[PDB]
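In: fold the stuff below for me.
(chains A and B)
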2 protein chains.
Amino acid sequence: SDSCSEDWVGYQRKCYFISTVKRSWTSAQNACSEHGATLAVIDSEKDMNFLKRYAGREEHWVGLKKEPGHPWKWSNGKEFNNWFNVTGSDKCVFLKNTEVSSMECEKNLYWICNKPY
Amino acid sequence: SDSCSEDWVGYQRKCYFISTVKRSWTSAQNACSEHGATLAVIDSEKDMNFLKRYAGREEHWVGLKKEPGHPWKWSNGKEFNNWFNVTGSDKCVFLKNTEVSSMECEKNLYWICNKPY
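Out: Numbering: from 1, shown residues only, chains lettered A, B, ... in the order given. This is the structure:
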């Protein structure tokens, strides 16, 4: 929310939820899954811009991860159509009002969950 | 025309031109641009109905394309106000007397160009 269900944030057909605590990517992904959500899947620029300015100064985990031998896949499973490029050299994507890059999935960060409808 | 300048088709403040050969979306768009036109921009139902019955049995490219991360935009640049829904899952819109759907922009099809005045 801050710091669809009245407590989530609705935008462009998706319900968003922002954490108040930090977690590793997998752990956060697990926290999203509990609400029937997934680490934020970004399907557009409207989405990316909303999420970035909303993340704020602190970096937040989003649903883009790369497994060693496989290509980038969204937290939901759909393969990443690469409409945007992920900098860095790590396997998990994070974002903040400033940038959208990558860092080790072990890092504890705030995260953002989203789901359709 | 068939198969404003006397050889184009005028209707509702727009001059239309129908191709006799098939081309990919981009390539057709380039062919329209040469005449100072753009792949058909459809601003109404009168337009859509004219274009559909006129396209005929064969599918023709029209000016609606979706870039990976951006929303649907007309071939001229104006964003698509979505007054009608585009079926399919591809990024380029085509139409025929029967339907108005979407197909891969790589596909070679007849196309329709239009311009104002």
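In: residues in contact with the residue of chain A positioned farthest from its centre?
Out: In chain A, counting by Cα atoms, centre = their mean, residue A:69 sits farthest out from the average C-alpha position, at 21.4 Å. The contact partners of residue A:69, taken as Cβ atoms under 8 Å, 6 or more residues apart in numbering or on different chains, number zero. C-betas here are computed from N, CA, C, even on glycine.
In: for it, helix, strand, or coil?
Out: What DSSP: H, G, I helix; E, B strand; the rest coil gives for residue A:69 is coil.
In: now it: phi and psi?
Out: Dihedral pair for residue A:69: phi -100, psi -10, per degrees, to the nearest 10.
In: in terms of helix, strand or coil, where does the closest residue to chain B within chain A fall?
Out: Here the residue of chain A nearest chain B is residue A:83; by Cβ to the nearest Cβ that distance is 3.3 Å. Secondary structure, three-state DSSP: residue A:83 is coil.
In: how close does the residue nearest to residue A:88 when sequence neighbours are not counted get to residue A:62?
Out: Nearest non-adjacent residue to residue A:88, counting by Cβ to Cβ, 6 or more residues apart in numbering or on different chains: residue A:102, 3.5 Å away. Using Cβ to Cβ, to the nearest Å, one gets 10 Å for the distance from residue A:102 to residue A:62.
In: which of these two has more residues huddled nearby?
Out: Just comparing residue A:102 and residue A:62: by other Cβ atoms under 10 Å in any protein chain shown the higher neighbour count belongs to residue A:62, 29 against 19.
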